[PDB]
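Below, each chain spelled out in residue letters.
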Amino acid sequence: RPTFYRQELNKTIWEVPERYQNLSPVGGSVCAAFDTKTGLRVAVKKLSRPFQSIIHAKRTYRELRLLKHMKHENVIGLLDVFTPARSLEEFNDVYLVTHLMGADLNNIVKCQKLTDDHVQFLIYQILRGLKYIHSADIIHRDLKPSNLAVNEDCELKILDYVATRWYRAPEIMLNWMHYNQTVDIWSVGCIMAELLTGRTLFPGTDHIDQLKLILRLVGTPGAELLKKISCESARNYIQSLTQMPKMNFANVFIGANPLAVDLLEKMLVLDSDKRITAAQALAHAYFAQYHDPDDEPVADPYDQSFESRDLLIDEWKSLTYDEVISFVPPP
Ligand SMILES: *[C@H](CC(C)=O)c1cccc(-c2nc(NCCc3ccccc3)c3ccc(N)cc3n2)c1
């Protein structure tokens, strides 16, 4: 068992192993720290009251399991997890340790005009991480520039104002209950567009405007999609709209690499059934410089059956304790 030390930072007490030094607040609450064991700079997240309630406790468990499962170069994983508690009885605090990445894509994009090469590399990496996440039957749902962290070498990792709505797939905006993994592809298309133009592709003021902006680009639904809409409300909306043709994306992204344009056309498809998958996008010619199918790994199957369980706080808490105790660090 390691030796811990205590200290207070902005009206919060941090109790951590001596391994971690120079705790410095950066934003649960998150501190930057020095990992003496590896000379890495790391982010230490102390979870905000993880067992306050059933919903807090299930979330805490959900977060830990997910992070323990993610083992991929383009997805934030867990370097360490600990609690100062010596028993389940006193277990009331959870700390998660991950790589501290320098910046995020929103910082970058707001502060430099990217080259096509650089966009290729960045988008390639997002898709590589998406492939792995999707192969685990996980949907991110919240992809946006601030959820993508980058180091000075531009190595990218997917994490967990830049408004969420601006990256949300139209089927989520319309509230479809059976959306799929390709909602993340829509987000990637919107991120790619912004990297290439320095502009938010669809900066809606509200949900209605967001859809107006979207439909202006991609056109209104055809009959092939309308015959797939199960509910009257959504069909009444679609049939409301001024019949709009799809823009030719070459007239939107003027001077972009036409393979970038082609890829965007394949990402930003209104009908999610016809949207390219992450695996398929990785093999697109746009990423010819980076694509290697022998180094684009899939994940082990991820057991999400706990999502459908209704358990007591103590039960969620104990399960979390177990996940903490059983943690095996990465090499
Ligand atoms: C009906 C009620 C349910 C089952 O939730 C329903 C509500 C909302 C959305 C769908 C639905 N949407 C899409 N994509 C919508 C795309 C669109 C078009 C215009 C404006 C915004 C969004 C679907 C795509 C494909 C299939 N198979 C089904 C879809 N259902 C349904």
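## Some details on the nonpolar core
One broad trend across soluble globular proteins is that nonpolar side chains are buried collectively. In terms of nonpolar packing, the biggest core is built from 85 residues, with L105, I123, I126, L127, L130 and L195 touching the most fellow members. Both domain 1 (14-102) and domain 2 (103-298) contribute no fewer than three residues apiece to this core. Apart from the residues lying within four places of it in its own chain, the contact partners of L130 are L143, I158, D184, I185, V188 and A278. Ranked by size, the runner-up nonpolar core spans 13 residues in total, among them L9, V42, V44 and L79.

## A word on the UniProt feature "active site" in the chain
When the UniProt feature table is mapped onto this chain numbering, "active site" sits at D160. Tracing the backbone through its elements, the reader meets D160 in the loop between β10 (156-158) and α4 (170-173). Contact partners of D160, with chain neighbours within four places excluded, come to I76, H140 and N147.

## Concerning the sheet that holds strand β9 (residues 148-150)
The strands making up a sheet are joined through hydrogen bonds of the backbone, oriented either antiparallel or parallel. A sheet is described by the order of its strands in space; here 3 strands give the open sequence β8-β9-β10, paired in antiparallel fashion. For this open sheet the edge positions go to β8 (103-104) and β10, each flanked by a neighbour on one side alone. Where β9 and β10 come together, 3 bridges link them in antiparallel fashion. Bridge pairing in β10 places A149 opposite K157.

## Re the domain arrangement of the chain
Partitioning the chain into structural domains gives domain 1 (14-102) and domain 2 (103-298). Each of domain 1 and domain 2 has a C-alpha centre, and these two points are 30 Å apart. Counting residues at the interface gives 12 residues for domain 1 and 18 residues for domain 2. Both sides of the domain 1 and domain 2 interface together cover about 1,300 Å² of buried area, and 61% of this is carbon and sulfur. For domain 1, the biggest contributors to the area lost against domain 2 are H72, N74 and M101; these three give 47% of the whole. Where domain 1 packs against domain 2, one counts 1 salt bridge. We note a salt bridge from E73 to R128, for which the minimum N-O separation is 3.1 Å. Applying the counting criterion to the domain 1 and domain 2 interface returns 11 residue pairs in polar contact. Grouping the constituent residues of the side of domain 1 that touches domain 2 by class yields 5 nonpolar, 5 polar and 2 charged.

Calculation rules
- Residues numbered from 1 in each chain as written, not as in the entry; some residues may be left out.
- Heavy atoms only, no water.
- Residues with missing side-chain atoms left out of burial classes, pairs and counts.
- Core = buried A, V, L, I, M, F, W, Y, C linked by side-chain atoms within 4.5 Å.
- Buried < 20%, exposed > 50% of the residue type's maximum accessible area, 1.4 Å probe, protein only.
- Domains from an automatic or database assignment.
- Contact = heavy atoms within 4.5 Å.
- UniProt positions renumbered as here; feature names shortened; annotations may be inferred.
- Helix = DSSP H or I, 4+ residues; strand = E, 2+ residues; numbered from the N terminus.
- Pairing = 2+ DSSP bridges.
- Buried area = accessible area lost by both parts, 1.4 Å probe.
- Salt bridge = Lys/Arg side-chain N within 4 Å of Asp/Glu carboxyl O.
- Polar contact = N/O pair within 3.5 Å; in protein donor to acceptor, adjacent residues only side chain to side chain.
- Nonpolar A, V, L, I, M, F, W, Y, C, P; charged D, E, K, R; others polar.

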